[PDB]
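In what follows, one protein chain appears twice in different forms, each by itself as structure tokens: structure 1 and structure 2.
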Structure 1
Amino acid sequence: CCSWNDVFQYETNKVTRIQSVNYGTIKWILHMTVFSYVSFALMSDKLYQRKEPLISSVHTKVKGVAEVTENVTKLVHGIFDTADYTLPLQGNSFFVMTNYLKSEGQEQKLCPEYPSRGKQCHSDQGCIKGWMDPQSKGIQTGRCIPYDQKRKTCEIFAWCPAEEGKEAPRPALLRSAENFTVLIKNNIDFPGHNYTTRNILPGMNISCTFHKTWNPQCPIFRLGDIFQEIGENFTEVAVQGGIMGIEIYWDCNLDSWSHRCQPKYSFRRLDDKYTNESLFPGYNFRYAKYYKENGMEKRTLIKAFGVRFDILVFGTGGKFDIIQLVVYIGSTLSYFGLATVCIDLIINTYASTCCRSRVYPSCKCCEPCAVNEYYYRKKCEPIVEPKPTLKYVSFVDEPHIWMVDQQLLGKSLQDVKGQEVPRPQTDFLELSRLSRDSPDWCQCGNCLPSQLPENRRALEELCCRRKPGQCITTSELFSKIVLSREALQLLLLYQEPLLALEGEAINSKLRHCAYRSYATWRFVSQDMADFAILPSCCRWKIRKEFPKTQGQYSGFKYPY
């Protein structure tokens, strides 16, 4: 099985070099196109780079103040700075108040609730008892009675008087909260690639303001500009708050030869503009300060509407990795065989006879493509599975050879039908040298009944031709090639120069060589010479020229 010489074996694929401009041109342009697409994808998607998602940290600083005068009994003149509207978070998100309601005497008692649009209840003692409403903050025993002038509400155990249920003002308060300035210091890192960077670099202008075209890299933003860049109106969002999103996209190429790693800023409204009224439309929150005055545990509650800005820092950093390039090249290497596949398809399609039957006469421009057929004769070598039932029979009348692959079921082989096969080119180089008692299944006269078992007798039942005429044995070459004793002796000497030469039982080898000679004569290819069935007239002629004394003649046997 395994030998030391077997290890050092190597197999080269046999090929034939076709000299043609069409095949070479389509080959080269297909190779160039697939190479161009591969390189384009490589340099566009940067598939040679291992990517990694960043890790981000954000620091927000909101600077700006707003004057606002309370509603006139007594009038107030107040100022709002970052200490009040801004929250202690100050990282990755920040709140900018744009409207506020306040209740000073918030304390626990059994007063009613504010009448909303639908909450206006005129019935007396109709409300549920111990309902624990999510709308009104207190658990209620109904006892509905009027505290307003022309309306009423249920008796609630919430913080009183008249805290919830009130709508926001219109126009919005704190309209000066649009020129406020946000400084966003963002620091991103790629730990696998080990590259840390940040938004602000040395030399950046401090007094800049972000704009889409003039100074995009400036990390200083104005809220009005944020809302105007996407067409949003700051006033309606100031009446009822919202949720904005500052997208910071990093597309970082950490390669030194093309190093670029900077952010791109975008803005997107996060809260649903057209949202249901039952759901909480805007972003709001209600917080209070607790205190004890006159012995009563009480508090003061303010509900603030404003815009929450989510700073969404995302991106990807790519760095050259050899393994990714290797995998991509290994994937794309298979496409270079597209040219060979297409050309082989062309050759196999134009080699068929259907192109000569229908295509070439009708089209009349694919006529020179018949050349492809010749390439098929140089590309393919059709063989057949040497089955035991495989047989080959020839007839002088017809030009082709019949492949009788079917099995014998007692019927005479002369009438069995098979697939025609064209005879080979005969290798013209090697060829260029100097009474009526028949079995009734032959058309000639020289046939003879076969002497074999009846189960296997139909194999020898073959004739030299399909219709009556001259027998092939009467030809001039049959006497000279098939059973010319000098010729067979010369052939055997060529195979074994020291043969017995009329010794003991030499006629068997001469008979076998005569069978092989007739086979190679009619069936040129050695694949077809084997598994050939000679006719009875020639078989028994050869047997007469080289009889067997003390034994029967064994017919065709499976060689392999």
Structure 2
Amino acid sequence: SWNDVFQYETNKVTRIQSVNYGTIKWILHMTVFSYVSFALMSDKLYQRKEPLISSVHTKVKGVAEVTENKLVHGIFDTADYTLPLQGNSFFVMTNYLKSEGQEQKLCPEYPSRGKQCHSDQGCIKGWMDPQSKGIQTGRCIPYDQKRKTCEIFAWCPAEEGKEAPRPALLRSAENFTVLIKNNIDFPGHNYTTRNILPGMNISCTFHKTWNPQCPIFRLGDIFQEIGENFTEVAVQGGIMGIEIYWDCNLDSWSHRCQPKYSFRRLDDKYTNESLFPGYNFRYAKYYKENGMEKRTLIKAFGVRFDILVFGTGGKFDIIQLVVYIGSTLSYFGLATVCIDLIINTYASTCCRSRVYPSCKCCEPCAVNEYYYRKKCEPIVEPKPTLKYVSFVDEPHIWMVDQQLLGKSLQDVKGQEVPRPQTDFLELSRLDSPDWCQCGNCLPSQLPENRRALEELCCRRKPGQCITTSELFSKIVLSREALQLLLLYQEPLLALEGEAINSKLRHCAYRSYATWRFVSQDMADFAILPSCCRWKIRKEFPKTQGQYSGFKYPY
């Protein structure tokens, strides 16, 4: 409880003194660090970004001389051509159609797009024409001497459908100027600025290169900066956007909050004639003449200038930086993942069999086998079916994970596992059964259902028994050695009774298993051959009992 809490687990590591792997690791670490730092700096991922709230105030300067037909020469000032800024847009009239002295009465509709009538059949009665802006009476009447148009109750004289005058009457509007004052705020960052600061000169007009910070814009300059023709757009009008981009850095050490001005036509050039190309609106001036209520309809074409203000303000935020660093921390395991993959791949035996002979250049990479055997310790799941057998004729060990369904273990033929290398430091001291192949194996006395477990020979092929080897007597059948091992485990062991024979048998089994399998993990589930088993059992006979044989440790 108390002790379990006060524990620290650290990973066991193998440190490789390799030039190539160290170089690869450092190259990858530096690459990851460089990319992560570059991304952090470029995208300012350490900054919290706040959108701006903007207020725009515009002022148009300019007077237009207009001459029309008696001959009437007049001047238009801001009140005569400008619609005050509403929201973030201002309108400049560039052309107009005037219809003076309109009365609500009957009149022929203007002949637009060949809207001629030859009979009263074509003209419906009671039909509200949104183009003509009147109610048809069902009659066709002469609009002039030659052509006739459907009659309508409307504001008369009706002139809707008349084309915009060409050239535009207020062409001189290209020479008008607009002063744009832009106040922006980031309330989360509690910062505010404006596009005009002390030091600027009113004698400036905006230029992309010479005066990119002057907020005074000539309208024609706006149009010609983005390849638009003010003279043409003036006839039918349009919508132009003045984009103000605020890429603002609010850190004291990198403070930069300046506006960037740009221009973009917002109305489609090739809008279909049916979809009301350009920009215009109809303005009515109502008055009384004699006893008649009249109105002067001005179809004003012009350019609506939409001032579009957008941008973000970035300020250092520790939480954003921490989240980014945490997001990128796992990328620093790239070197370990790559080098471990290299070690795993170049540890395979196949590489030596096929790859290396074909490509002798990659021969020095065989050292990865040593790294893998120093890094990885394979272990198999211990289950009752797990058995290990060893044949003296063969050089390797065999692992059997399959149940013995009556077939002798000698024939059940599991997979092959290598015998571990023995600790040389520790070794610096001094009617036979059909499945048998050595003439010493005896039939098992276990129950038939599990008799195949012990049906194992010391060798696969005929030959001399392992029991005949000199080492077998000393390692296994030497009573002195087994007694010494017993004393080592139990110094005060009493060498009396029938248990001493059982203990010697167990230690002899363990000794053979350790000798022929080395690994304790394999020795624990090893299976002794019948010959060696029975030689051990007769060296230490059991008096009045039946041998139980191998049992599952778990």
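Between two forms, the rigid core is defined as the largest C-alpha subset superposing within 1.5 Å. Counting starts at 1 and follows the sequence of structure 1.
Engineer: If you fit the rigid core and then compare C-alpha positions between the two structures, only one of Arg268, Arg456, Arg423, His122 moves by 2 Å or more. Name it.
Structural biologist: Single residue meeting the criterion: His122.
Engineer: Using a rigid core alignment, state whether the CA of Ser484 is displaced by 2 Å or more between the two structures.
Structural biologist: After core superposition, the displacement of the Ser484 C-alpha between the two structures stays below 2 Å, so no.
Engineer: Hey, does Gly337 budge by 2 Å or more at the Cα between the two structures once the core is superposed?
Structural biologist: After core superposition, the displacement of the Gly337 C-alpha between the two structures stays below 2 Å, so no.
Engineer: Quick one: core overlaid, is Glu502 moving 2 Å or more at the Cα between the two structures?
Structural biologist: Moves: yes, 2 Å or greater.
Engineer: Rigid-core fit: what Cα movement does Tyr147 have between the two structures, in Å to one decimal?
Structural biologist: Value for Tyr147 between the two structures: 2.8 Å of C-alpha shift.
Engineer: So with the rigid core superposed, the C-alpha of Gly105 shifts by how many Å between the two structures?
Structural biologist: Its alpha carbon moves by 1.7 Å.
Engineer: Quick one: how many Å does the C-alpha of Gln90 shift between the two structures once the rigid core is superposed?
Structural biologist: Its C-alpha moves by 5.7 Å once the cores are overlaid.
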